[PDB]
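Student: my sequence and its experimental structure, below.
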Amino acid sequence: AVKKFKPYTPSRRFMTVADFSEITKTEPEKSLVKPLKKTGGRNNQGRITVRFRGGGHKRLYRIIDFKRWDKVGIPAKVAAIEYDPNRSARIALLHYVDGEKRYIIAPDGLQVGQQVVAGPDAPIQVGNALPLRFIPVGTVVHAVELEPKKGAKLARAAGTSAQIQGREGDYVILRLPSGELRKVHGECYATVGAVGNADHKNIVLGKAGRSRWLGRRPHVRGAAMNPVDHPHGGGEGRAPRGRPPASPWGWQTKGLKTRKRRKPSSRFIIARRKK
Amino acid sequence: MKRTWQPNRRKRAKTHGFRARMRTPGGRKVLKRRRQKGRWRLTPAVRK
RNA sequence: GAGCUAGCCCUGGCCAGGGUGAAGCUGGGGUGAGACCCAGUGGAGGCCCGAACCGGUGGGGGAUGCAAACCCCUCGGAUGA
RNA sequence: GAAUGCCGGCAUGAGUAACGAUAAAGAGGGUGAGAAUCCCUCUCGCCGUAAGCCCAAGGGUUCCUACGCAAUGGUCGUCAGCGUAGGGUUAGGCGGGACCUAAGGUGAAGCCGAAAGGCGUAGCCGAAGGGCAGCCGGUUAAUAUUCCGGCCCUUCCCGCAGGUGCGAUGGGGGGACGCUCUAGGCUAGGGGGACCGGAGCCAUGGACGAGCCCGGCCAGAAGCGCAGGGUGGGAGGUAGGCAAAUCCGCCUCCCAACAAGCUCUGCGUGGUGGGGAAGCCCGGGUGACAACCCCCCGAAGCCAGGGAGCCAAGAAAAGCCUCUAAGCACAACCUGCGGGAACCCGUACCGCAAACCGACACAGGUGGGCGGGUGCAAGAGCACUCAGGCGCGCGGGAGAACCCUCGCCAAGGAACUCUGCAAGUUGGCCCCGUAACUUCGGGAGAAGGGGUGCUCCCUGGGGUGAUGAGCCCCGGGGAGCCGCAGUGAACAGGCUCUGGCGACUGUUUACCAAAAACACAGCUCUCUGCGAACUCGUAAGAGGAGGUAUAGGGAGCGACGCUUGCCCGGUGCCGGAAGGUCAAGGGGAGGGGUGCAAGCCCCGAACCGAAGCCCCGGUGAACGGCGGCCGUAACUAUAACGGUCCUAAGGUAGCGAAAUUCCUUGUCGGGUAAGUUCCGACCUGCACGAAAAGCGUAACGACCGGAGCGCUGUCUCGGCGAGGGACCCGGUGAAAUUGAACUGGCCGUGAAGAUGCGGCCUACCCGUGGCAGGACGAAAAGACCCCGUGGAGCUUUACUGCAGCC
RNA sequence: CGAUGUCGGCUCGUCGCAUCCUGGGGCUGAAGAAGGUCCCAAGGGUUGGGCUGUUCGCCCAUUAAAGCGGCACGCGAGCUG
RNA sequence: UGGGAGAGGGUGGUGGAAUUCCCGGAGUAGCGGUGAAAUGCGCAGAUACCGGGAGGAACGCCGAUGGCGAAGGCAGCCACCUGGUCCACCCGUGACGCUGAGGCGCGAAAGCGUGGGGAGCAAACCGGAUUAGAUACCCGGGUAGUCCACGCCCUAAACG
RNA sequence: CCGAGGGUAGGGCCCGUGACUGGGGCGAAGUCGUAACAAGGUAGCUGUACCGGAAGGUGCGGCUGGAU
Ligand SMILES: CC(C)C[C@@H]1CCO[C@@H]2[C@H](CN[C@@H]2C(=O)N[C@H]2[C@H]3O[C@H](SCC/C=C\[C@H]2C)[C@H](O)[C@@H](O)[C@H]3O)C1
Ligand SMILES: [K+]
Ligand SMILES: [Mg+2]
Ligand SMILES: [Mg+2]
Ligand SMILES: [Mg+2]
Ligand SMILES: [Mg+2]
Ligand SMILES: [Mg+2]
Ligand SMILES: [Mg+2]
Ligand SMILES: [Mg+2]
Ligand SMILES: [Mg+2]
Ligand SMILES: [Mg+2]
Ligand SMILES: [Mg+2]
Ligand SMILES: [Mg+2]
Ligand SMILES: [Mg+2]
Ligand SMILES: [Mg+2]
Ligand SMILES: [Mg+2]
Ligand SMILES: [Mg+2]
Ligand SMILES: [Mg+2]
Ligand SMILES: [Mg+2]
Ligand SMILES: [Mg+2]
Ligand SMILES: [Mg+2]
Ligand SMILES: [Mg+2]
Ligand SMILES: [Mg+2]
Ligand SMILES: [Mg+2]
Ligand SMILES: [Mg+2]
Ligand SMILES: [Mg+2]
Ligand SMILES: [Mg+2]
Ligand SMILES: [Mg+2]
Ligand SMILES: [Mg+2]
Ligand SMILES: [Mg+2]
Ligand SMILES: [Mg+2]
Ligand SMILES: [Mg+2]
Ligand SMILES: [Mg+2]
Ligand SMILES: [Mg+2]
Ligand SMILES: [Mg+2]
Ligand SMILES: [Mg+2]
Ligand SMILES: [Mg+2]
Ligand SMILES: [Mg+2]
Ligand SMILES: [Mg+2]
Ligand SMILES: [Mg+2]
Ligand SMILES: [Mg+2]
Ligand SMILES: [Mg+2]
Ligand SMILES: [Mg+2]
Ligand SMILES: [Mg+2]
Ligand SMILES: [Mg+2]
Ligand SMILES: [Mg+2]
Ligand SMILES: [Mg+2]
Ligand SMILES: [Mg+2]
Ligand SMILES: [Mg+2]
Ligand SMILES: [Mg+2]
Ligand SMILES: [Mg+2]
Ligand SMILES: [Mg+2]
Ligand SMILES: [Mg+2]
Ligand SMILES: [Mg+2]
Ligand SMILES: [Mg+2]
Ligand SMILES: [Mg+2]
Ligand SMILES: [Mg+2]
Ligand SMILES: [Mg+2]
Ligand SMILES: [Mg+2]
Ligand SMILES: [Mg+2]
Ligand SMILES: [Mg+2]
Ligand SMILES: [Mg+2]
Ligand SMILES: [Mg+2]
Ligand SMILES: [Mg+2]
Ligand SMILES: [Mg+2]
Ligand SMILES: [Mg+2]
Ligand SMILES: [Mg+2]
Ligand SMILES: [Mg+2]
Ligand SMILES: [Mg+2]
Ligand SMILES: [Mg+2]
Ligand SMILES: [Mg+2]
Ligand SMILES: [Mg+2]
Ligand SMILES: [Mg+2]
Ligand SMILES: [Mg+2]
Ligand SMILES: [Mg+2]
Ligand SMILES: [Mg+2]
Ligand SMILES: [Mg+2]
Ligand SMILES: [Mg+2]
Ligand SMILES: [Mg+2]
Ligand SMILES: [Mg+2]
Ligand SMILES: [Mg+2]
Ligand SMILES: [Mg+2]
Ligand SMILES: [Mg+2]
Ligand SMILES: [Mg+2]
Ligand SMILES: [Mg+2]
Ligand SMILES: [Mg+2]
Ligand SMILES: [Mg+2]
Ligand SMILES: [Mg+2]
Ligand SMILES: [Mg+2]
Ligand SMILES: [Mg+2]
Ligand SMILES: [Mg+2]
Ligand SMILES: [Mg+2]
Ligand SMILES: [Mg+2]
Ligand SMILES: [Mg+2]
Ligand SMILES: [Mg+2]
Ligand SMILES: [Mg+2]
Ligand SMILES: [Mg+2]
Ligand SMILES: [Mg+2]
Ligand SMILES: [Mg+2]
Ligand SMILES: [Mg+2]
Ligand SMILES: [Mg+2]
Ligand SMILES: [Mg+2]
Ligand SMILES: [Mg+2]
Ligand SMILES: [Mg+2]
Ligand SMILES: [Mg+2]
Ligand SMILES: [Mg+2]
Ligand SMILES: [Mg+2]
Ligand SMILES: [Mg+2]
Ligand SMILES: [Mg+2]
Ligand SMILES: [Mg+2]
Ligand SMILES: [Mg+2]
Ligand SMILES: [Mg+2]
Ligand SMILES: [Mg+2]
Ligand SMILES: [Mg+2]
Ligand SMILES: [Mg+2]
Ligand SMILES: [Mg+2]
Ligand SMILES: [Mg+2]
Ligand SMILES: [Mg+2]
Ligand SMILES: [Mg+2]
Ligand SMILES: [Mg+2]
Ligand SMILES: [Mg+2]
Ligand SMILES: [Mg+2]
Ligand SMILES: [Mg+2]
Ligand SMILES: [Mg+2]
Ligand SMILES: [Mg+2]
Ligand SMILES: [Mg+2]
Ligand SMILES: [Mg+2]
Ligand SMILES: [Mg+2]
Ligand SMILES: [Mg+2]
Ligand SMILES: [Mg+2]
Ligand SMILES: [Mg+2]
Ligand SMILES: [Mg+2]
Ligand SMILES: [Mg+2]
Ligand SMILES: [Mg+2]
Ligand SMILES: [Mg+2]
Ligand SMILES: [Mg+2]
Ligand SMILES: [Mg+2]
Ligand SMILES: [Mg+2]
Ligand SMILES: [Mg+2]
Ligand SMILES: [Mg+2]
Ligand SMILES: [Mg+2]
Ligand SMILES: [Mg+2]
Ligand SMILES: [Mg+2]
Ligand SMILES: [Mg+2]
Ligand SMILES: [Mg+2]
Ligand SMILES: [Mg+2]
Ligand SMILES: [Mg+2]
Ligand SMILES: [Mg+2]
Ligand SMILES: [Mg+2]
Ligand SMILES: [Mg+2]
Ligand SMILES: [Mg+2]
Ligand SMILES: [Mg+2]
Ligand SMILES: [Mg+2]
Ligand SMILES: [Mg+2]
Ligand SMILES: [Mg+2]
Ligand SMILES: [Mg+2]
Ligand SMILES: [Mg+2]
Ligand SMILES: [Mg+2]
Ligand SMILES: [Mg+2]
Ligand SMILES: [Mg+2]
Ligand SMILES: [Mg+2]
Ligand SMILES: [Mg+2]
Ligand SMILES: [Mg+2]
Ligand SMILES: [Mg+2]
Ligand SMILES: [Mg+2]
Ligand SMILES: [Mg+2]
Ligand SMILES: [Mg+2]
Ligand SMILES: [Mg+2]
Ligand SMILES: [Mg+2]
Ligand SMILES: [Mg+2]
Ligand SMILES: [Mg+2]
Ligand SMILES: [Mg+2]
Ligand SMILES: [Mg+2]
Ligand SMILES: [Mg+2]
Ligand SMILES: [Mg+2]
Ligand SMILES: [Mg+2]
Ligand SMILES: [Mg+2]
Ligand SMILES: [Mg+2]
Ligand SMILES: [Mg+2]
Ligand SMILES: [Mg+2]
Ligand SMILES: [Mg+2]
Ligand SMILES: [Mg+2]
Ligand SMILES: [Mg+2]
Ligand SMILES: [Mg+2]
Ligand SMILES: [Mg+2]
Ligand SMILES: [Mg+2]
Ligand SMILES: [Mg+2]
Ligand SMILES: [Mg+2]
Ligand SMILES: [Mg+2]
Ligand SMILES: [Mg+2]
Ligand SMILES: [Mg+2]
Ligand SMILES: [Mg+2]
Ligand SMILES: [Mg+2]
Ligand SMILES: [Mg+2]
Ligand SMILES: [Mg+2]
Ligand SMILES: [Mg+2]
Ligand SMILES: [Mg+2]
Ligand SMILES: [Mg+2]
Ligand SMILES: [Mg+2]
Ligand SMILES: [Mg+2]
Ligand SMILES: [Mg+2]
Ligand SMILES: [Mg+2]
Ligand SMILES: [Mg+2]
Ligand SMILES: [Mg+2]
Ligand SMILES: [Mg+2]
Ligand SMILES: [Mg+2]
Ligand SMILES: [Mg+2]
Ligand SMILES: [Mg+2]
Ligand SMILES: [Mg+2]
Ligand SMILES: [Mg+2]
Ligand SMILES: [Mg+2]
Ligand SMILES: [Mg+2]
Ligand SMILES: [Mg+2]
Ligand SMILES: [Mg+2]
Ligand SMILES: [Mg+2]
Ligand SMILES: [Mg+2]
Ligand SMILES: [Mg+2]
Ligand SMILES: [Mg+2]
Ligand SMILES: [Mg+2]
Ligand SMILES: [Mg+2]
Ligand SMILES: [Mg+2]
Ligand SMILES: [Mg+2]
Ligand SMILES: [Mg+2]
Ligand SMILES: [Mg+2]
Ligand SMILES: [Mg+2]
Ligand SMILES: [Mg+2]
Ligand SMILES: [Mg+2]
Ligand SMILES: [Mg+2]
Ligand SMILES: [Mg+2]
Ligand SMILES: [Mg+2]
Ligand SMILES: [Mg+2]
Ligand SMILES: [Mg+2]
Ligand SMILES: [Mg+2]
Ligand SMILES: [Mg+2]
Ligand SMILES: [Mg+2]
Ligand SMILES: [Mg+2]
Ligand SMILES: [Mg+2]
Ligand SMILES: [Mg+2]
Ligand SMILES: [Mg+2]
Ligand SMILES: [Mg+2]
Ligand SMILES: [Mg+2]
Ligand SMILES: [Mg+2]
Ligand SMILES: [Mg+2]
Ligand SMILES: [Mg+2]
Ligand SMILES: [Mg+2]
Ligand SMILES: [Mg+2]
Ligand SMILES: [Mg+2]
Ligand SMILES: [Mg+2]
Ligand SMILES: [Mg+2]
Ligand SMILES: [Mg+2]
Ligand SMILES: [Mg+2]
Ligand SMILES: [Mg+2]
Ligand SMILES: [Mg+2]
Ligand SMILES: [Mg+2]
Ligand SMILES: [Mg+2]
């Protein structure tokens, strides 16, 4: 439930914030945090390669366990649900009966005190991780590997999920968060349930300053520039596009497909996204 | 107002210094050129 | 050549005083339970007034200058992008 | 002899401007060849959140002393940051190194690139961050946490004693962290004292006083006390912490729990060691056996790694502690005590400035700390002052115009002007009171008003203490006094009505534009399934992102409200296994050259053969576009209606003489005595119109319009006064410009605007203060305009290539 | 074109006369008063304001009158902008 | 107290028919549509047929002149939570009743806000016919919406 | 002291009036179409929504005050 503010400043009028009601622990696990080297959008040449980045709040990176087949059969308790500034989802602190402590991204409905486990034999319950081939068709799933042992890759953002549609040989058929129908190898692990914090999408940033907090520097329209800078630059007064709308680098930006044609994974995409 | 020369001994040594010049084909030709001309100082003087 | 200037990165520092009085919390009222109302508490904010600090609105002066952009009066921001 | 030629010298302007903040000077006495300018004394003024003091950078001997005055110093100079010489910087504890890591840099392994080189895990380097042991006083002309004195402390080596499974670059704990707000106790700092110590003072009408004036502390080991921070104890299991582990993590059990204990800081006390004023006398000495005490205020600093709340979720590594591994247990480590050892660099001086950055001893720029008192509600604001520091390195006169900065003004009160530009007015606090409209927050300091000093009397509550007195902090009521006036000086909104634009706080053309421009939350389209798209790179490799469609890239629109119509023929983009075209290649009907011939060599048709293009569809918050003529109603007028041509389709809602309306000051209404502007309407919209968004919109604005009130030197219409200049005298002394000049007026003439030619007229020679009509005055080889088969930035369905992509 | 600064205003005037007023006249379809028209005359005078950047023009209130033009569309080493 | 009937309400699950789209097969010259047509679709292989998949919405027969609810209204099946109501017994309380200005709650459809969903249907809108016109009726397309959640709206031939 | 009233400032209610604009009533023989009354030639009416010179049309749901 997003939280509103009374309009006691111009910006508080529309600003909304998360309720943070699922959170039970408010400083991270010291053995699981490392510094997050801010880039500012600069590569190893020093060059800006992603425009408009920098100056957001300082953050520590929380190491997340995206394998889970690392510890087959070893159950764990859910000790805490915590805030993670590096992702939209919340994260869940796991205490294994091993004594090992790990973070996973917190699925919708997970409760502190419940137990999660991973493996081919796991109960089909929220928080458990199995290879895709052992999960019953129709199960809503998240944190899905794309190739075996390579790490969870799909459906990690707040509120997302993938749905198991069918089986074909060594492969299961998933509906990705985007609506694409894809074949993913059955040995790939995935976690039962959807990702939590589904109210994420309804947060209203409220003011320009709030975008600055997130490391998002102001974005300049092409039409505000000069011809040295952009296809849309220049003109006396305002100006329509006057050409097919383009990016700073000349390529078209209203419809032009850009997935590489001869890509080997095309053999595994059943149907492109819609809507 | 604030002018363009704002001296800084560390900046001067790390930018124009002898060891900065030797680390680079261009810097080494500067040292080669300034020797051939007979410069008394091959590199700006910095107190350190 | 980024010791000027522009952006970003790491690590530090600074922002007198005064004003306004959000949520929440407590109590009271209300109701089937509620919403909600009232009081107190509370101390939020690209909130208000105003130094430092950062600016440069209008006018006057200056114009072989004190100054290759300055001076006076006035004016903007001042917990924040 | 000319090149706005080059180098140099010297003129002119000229004894001209100027001599660098309007904080300010006067006199006496020294010194000396010489003194407004150096030294000393007294008087005066200026700064005092500095114009005082202390760090850091940067500077580099500028420091102190003697001897000097050619040049430097905007004048002078006996002086100096200047010349010459001599002297001066002292550390185990302060800062940096022999410690640690951050970005970044470098880089065994490894990867890439014609060469040069580019990358890169560990490792290394890298600090104003982490870690680490010194406080007070004295001393020099000049250094001092450095020398000395006092009291303290750290590490290394060795030895002695006692203890212990000792041992690490390996495991673990810790180090270790945000923003706002904030408790208790303290310290720094400050105010008062009728108490304590002090040289003295009684003036000019009065006071010998509970008088005046001055001071009343600082450091400190163990111990002790007050206030805080950190921290559970035992056992059993164990598969995790990349070997091991008795450590850490996880499970169970018992005991403890706002505690206590243990530990670690801060503050107080504390052996002891220091300091110690006014005044007087010559930095010193005295005062002095100085006294060193009570009360109140009180931090933003300390206890600290404290507490609460919030979301944007807040470094690393070493020191340190613990665990074990080889190893070794005659060792080694821990604890206590003792002796010994303890290196390199910095240290002078300036440091908001005459020593740094600005060519200058330049009204500019420069990070951190301290920054006293009183009063004004507070405060780092404002005025005056302390400590301390200055009067700004030309002066003396005069009292014109004119200029600057400032003060006042009869009557009027915006009549000024592009415009109330500018300047008035208003102005703090307390109280009363406050409209449309609104997104219910606001609008709001709305508007508008009343109060404000001092004296006496009574009285309420709080802090400290003791519950009291004293001190301190918030008040309430009554009666009076004086002035023109009580935020009596200084600092401190003029207000209202109504349009346009932009929602808003923000951002911008460093140095003519701050805006209506950019950004902005928000809305939509689109691309992207992850070795993502996209971006930088020849590549490797990076960013994206240690992210994964509630995400990331691109584009337009720009809070919010109500909305966003019709056209897919052209261009773009998306889809389409057909058909057409199509390159290399395949194929080889059929020719040709040469040879005696086997052969060798060459040309080569049909046909097969990708992307692209043609073709068929889709698509508008993709590029874009959204008609003409003629007729028609029972007064007229106008056409709901009709006819026909054309189109891919013919502009919907809303708005409209507009930031758009040419004709135009359209017409009508409002406001005014009068209104090319303004506001409200109309609609024949030259040439509005729906995300290059359409129409509204509370709040906001150093934006741009229009009006009114208040008040004014803006004005009628100017007058007087102040200071800094201008002017005169002494000192120092520029500049652009300059063919040479013995350089008048009119009417003519002349390359068409004559001091210079003609004719006339006028005119003794040379200056000083002033004014700007001319010298087609100066400055700048016109930036407008054209010309040059000159240049550059930019665009595209101009040409031709290339990257990239297919 | 190795620069003759350009609209309007302000300030300061000065000149011409094809005279707006005032003075002197003739004719009148001049009774008087008041006009019309032409002639002589440049001595002096020729207002304040609303609108617009305006010159110009319209309008308000007056007036004896509210003249037209030249002086680089007078005048930026005089100001404004 | 003991019983009963019921699409009364809320939550979650789940079952088959059909439509549509997608893939595979087989197959050829039309299909569709009307009063008749045309637009549209189809040799780039449609229609008709078989197998497979995806998804949303509504629940045939039972079904009725039926049942339930105060009304609006409620229909596959299952479980859970919950309201009203009737009958039997004649056991308990002892008039505790009726109505009800205001108030509060519920209130079909359409509509509105923020998300989701979207098969079929379908305002607007496009096209084809018809007609003098045809901004209609009829035909082919088609967007809101119809569906779910939460929050608004509060109307009706909300009628017996 | 109070005090008629006068002054300054800001509110509330009513009345009159206003360029222009909105629909309404009425008016012997105007223009356009034909929505309703017959199944009125698409049964009608209805709340709502959207559209159209105009009556109206269409969607969704409701009513019979509908016919055969
Ligand atoms: C219609 C109009 C376009 C005609 C046009 C008017 C423009 O000028 C005039 C041209 C004719 N030449 C004139 C001119 O060049 N004038 C120069 C001035 O430059 C500055 S004055 C500030 C700048 C103004 C003007 C500059 C262009 C110097 O001081 C002056 O000496 C003078 O050189 C005509
Ligand atoms: K031009
Ligand atoms: Mg809000
Ligand atoms: Mg949460
Ligand atoms: Mg760590
Ligand atoms: Mg990164
Ligand atoms: Mg690097
Ligand atoms: Mg980018
Ligand atoms: Mg960037
Ligand atoms: Mg993310
Ligand atoms: Mg999170
Ligand atoms: Mg796979
Ligand atoms: Mg969002
Ligand atoms: Mg952030
Ligand atoms: Mg953004
Ligand atoms: Mg933008
Ligand atoms: Mg532009
Ligand atoms: Mg531009
Ligand atoms: Mg560029
Ligand atoms: Mg270009
Ligand atoms: Mg371009
Ligand atoms: Mg353009
Ligand atoms: Mg433009
Ligand atoms: Mg334009
Ligand atoms: Mg532009
Ligand atoms: Mg165009
Ligand atoms: Mg383009
Ligand atoms: Mg591309
Ligand atoms: Mg896809
Ligand atoms: Mg600067
Ligand atoms: Mg600098
Ligand atoms: Mg340095
Ligand atoms: Mg440095
Ligand atoms: Mg440096
Ligand atoms: Mg630097
Ligand atoms: Mg370098
Ligand atoms: Mg170097
Ligand atoms: Mg080389
Ligand atoms: Mg070499
Ligand atoms: Mg030499
Ligand atoms: Mg060099
Ligand atoms: Mg370089
Ligand atoms: Mg820099
Ligand atoms: Mg920089
Ligand atoms: Mg501040
Ligand atoms: Mg404050
Ligand atoms: Mg107040
Ligand atoms: Mg309060
Ligand atoms: Mg609370
Ligand atoms: Mg503020
Ligand atoms: Mg200024
Ligand atoms: Mg001014
Ligand atoms: Mg200048
Ligand atoms: Mg200034
Ligand atoms: Mg000022
Ligand atoms: Mg302010
Ligand atoms: Mg402040
Ligand atoms: Mg010659
Ligand atoms: Mg010469
Ligand atoms: Mg030359
Ligand atoms: Mg020369
Ligand atoms: Mg020369
Ligand atoms: Mg010479
Ligand atoms: Mg010379
Ligand atoms: Mg000379
Ligand atoms: Mg001379
Ligand atoms: Mg002269
Ligand atoms: Mg001068
Ligand atoms: Mg000067
Ligand atoms: Mg001054
Ligand atoms: Mg002054
Ligand atoms: Mg004197
Ligand atoms: Mg004197
Ligand atoms: Mg002297
Ligand atoms: Mg002398
Ligand atoms: Mg002097
Ligand atoms: Mg002296
Ligand atoms: Mg004297
Ligand atoms: Mg002071
Ligand atoms: Mg120097
Ligand atoms: Mg000298
Ligand atoms: Mg001399
Ligand atoms: Mg001399
Ligand atoms: Mg000199
Ligand atoms: Mg000087
Ligand atoms: Mg002498
Ligand atoms: Mg000499
Ligand atoms: Mg010295
Ligand atoms: Mg020492
Ligand atoms: Mg050593
Ligand atoms: Mg290191
Ligand atoms: Mg280094
Ligand atoms: Mg290092
Ligand atoms: Mg350090
Ligand atoms: Mg140290
Ligand atoms: Mg010490
Ligand atoms: Mg000595
Ligand atoms: Mg000392
Ligand atoms: Mg941390
Ligand atoms: Mg830190
Ligand atoms: Mg924060
Ligand atoms: Mg102390
Ligand atoms: Mg005090
Ligand atoms: Mg173990
Ligand atoms: Mg003594
Ligand atoms: Mg502080
Ligand atoms: Mg602390
Ligand atoms: Mg590190
Ligand atoms: Mg042994
Ligand atoms: Mg031990
Ligand atoms: Mg050594
Ligand atoms: Mg020293
Ligand atoms: Mg300064
Ligand atoms: Mg100095
Ligand atoms: Mg320079
Ligand atoms: Mg000076
Ligand atoms: Mg200076
Ligand atoms: Mg004091
Ligand atoms: Mg005050
Ligand atoms: Mg002076
Ligand atoms: Mg000064
Ligand atoms: Mg001076
Ligand atoms: Mg004089
Ligand atoms: Mg006076
Ligand atoms: Mg006056
Ligand atoms: Mg007035
Ligand atoms: Mg007045
Ligand atoms: Mg005016
Ligand atoms: Mg005037
Ligand atoms: Mg103006
Ligand atoms: Mg105005
Ligand atoms: Mg004031
Ligand atoms: Mg009002
Ligand atoms: Mg009000
Ligand atoms: Mg108003
Ligand atoms: Mg309003
Ligand atoms: Mg309100
Ligand atoms: Mg008030
Ligand atoms: Mg007031
Ligand atoms: Mg009073
Ligand atoms: Mg008094
Ligand atoms: Mg009196
Ligand atoms: Mg104010
Ligand atoms: Mg704005
Ligand atoms: Mg703007
Ligand atoms: Mg706007
Ligand atoms: Mg708006
Ligand atoms: Mg601000
Ligand atoms: Mg500028
Ligand atoms: Mg500029
Ligand atoms: Mg510039
Ligand atoms: Mg300016
Ligand atoms: Mg501008
Ligand atoms: Mg501004
Ligand atoms: Mg801009
Ligand atoms: Mg905006
Ligand atoms: Mg929006
Ligand atoms: Mg969207
Ligand atoms: Mg590239
Ligand atoms: Mg490339
Ligand atoms: Mg290469
Ligand atoms: Mg990464
Ligand atoms: Mg984006
Ligand atoms: Mg906006
Ligand atoms: Mg914008
Ligand atoms: Mg509204
Ligand atoms: Mg089209
Ligand atoms: Mg098309
Ligand atoms: Mg097209
Ligand atoms: Mg077109
Ligand atoms: Mg076009
Ligand atoms: Mg419409
Ligand atoms: Mg109009
Ligand atoms: Mg308009
Ligand atoms: Mg227009
Ligand atoms: Mg025109
Ligand atoms: Mg017009
Ligand atoms: Mg016009
Ligand atoms: Mg007019
Ligand atoms: Mg009027
Ligand atoms: Mg205007
Ligand atoms: Mg008209
Ligand atoms: Mg556009
Ligand atoms: Mg436009
Ligand atoms: Mg507005
Ligand atoms: Mg507004
Ligand atoms: Mg603004
Ligand atoms: Mg503004
Ligand atoms: Mg006005
Ligand atoms: Mg005056
Ligand atoms: Mg004077
Ligand atoms: Mg004289
Ligand atoms: Mg002289
Ligand atoms: Mg001299
Ligand atoms: Mg000269
Ligand atoms: Mg001559
Ligand atoms: Mg001569
Ligand atoms: Mg002469
Ligand atoms: Mg003459
Ligand atoms: Mg001529
Ligand atoms: Mg002449
Ligand atoms: Mg002559
Ligand atoms: Mg001559
Ligand atoms: Mg002659
Ligand atoms: Mg002559
Ligand atoms: Mg002559
Ligand atoms: Mg003459
Ligand atoms: Mg003279
Ligand atoms: Mg003169
Ligand atoms: Mg002249
Ligand atoms: Mg002149
Ligand atoms: Mg001249
Ligand atoms: Mg000339
Ligand atoms: Mg001239
Ligand atoms: Mg010039
Ligand atoms: Mg030239
Ligand atoms: Mg030229
Ligand atoms: Mg030029
Ligand atoms: Mg130019
Ligand atoms: Mg030309
Ligand atoms: Mg040519
Ligand atoms: Mg030619
Ligand atoms: Mg050319
Ligand atoms: Mg170029
Ligand atoms: Mg070029
Ligand atoms: Mg190439
Ligand atoms: Mg010219
Ligand atoms: Mg010249
Ligand atoms: Mg010139
Ligand atoms: Mg008569
Ligand atoms: Mg005359
Ligand atoms: Mg005018
Ligand atoms: Mg003119
Ligand atoms: Mg005109
Ligand atoms: Mg004239
Ligand atoms: Mg002319
Ligand atoms: Mg002129
Ligand atoms: Mg001028
Ligand atoms: Mg002018
Ligand atoms: Mg001139
Ligand atoms: Mg001239
Ligand atoms: Mg075929
Ligand atoms: Mg579907
Ligand atoms: Mg009974
Ligand atoms: Mg309803
Ligand atoms: Mg049609
Ligand atoms: Mg027909
Ligand atoms: Mg649909
Ligand atoms: Mg019924
Ligand atoms: Mg009276
Ligand atoms: Mg009908
Ligand atoms: Mg009919
Ligand atoms: Mg009908
Ligand atoms: Mg009909
Ligand atoms: Mg219709």
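Tutor: Right, received. Where do you want to start? Residues are numbered from 1 along each chain as shown, chains lettered A, B, ... in the order given. Ligands and ions are numbered 1, 2, ... in the order given.

Student: mind listing the helices for chain B?
Tutor: B:9-16, B:18-22, B:25-36 (DSSP state H).

Student: is stretch A:66-83 up against ligand 4 anywhere?
Tutor: No: with C-beta under 5 Å from the ion as the criterion, ligand 4 is not reached by stretch A:66-83; the gap is at least 7.1 Å. Just so you know, the C-beta spots here come from the backbone N, C-alpha and C atoms, and that holds for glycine as well.

Student: so who does the nearest residue to residue A:28 once chain neighbours are set aside touch?
Tutor: Leaving out its chain neighbours, the residue that sits closest to residue A:28 by C-beta to C-beta, 6 or more residues apart in numbering or on different chains is residue A:62, at 5.7 Å. Going by C-beta atoms under 8 Å, 6 or more residues apart in numbering or on different chains, residue A:62 touches A:28, A:29, A:32, A:33, A:82, A:84, A:86, A:91, A:103.
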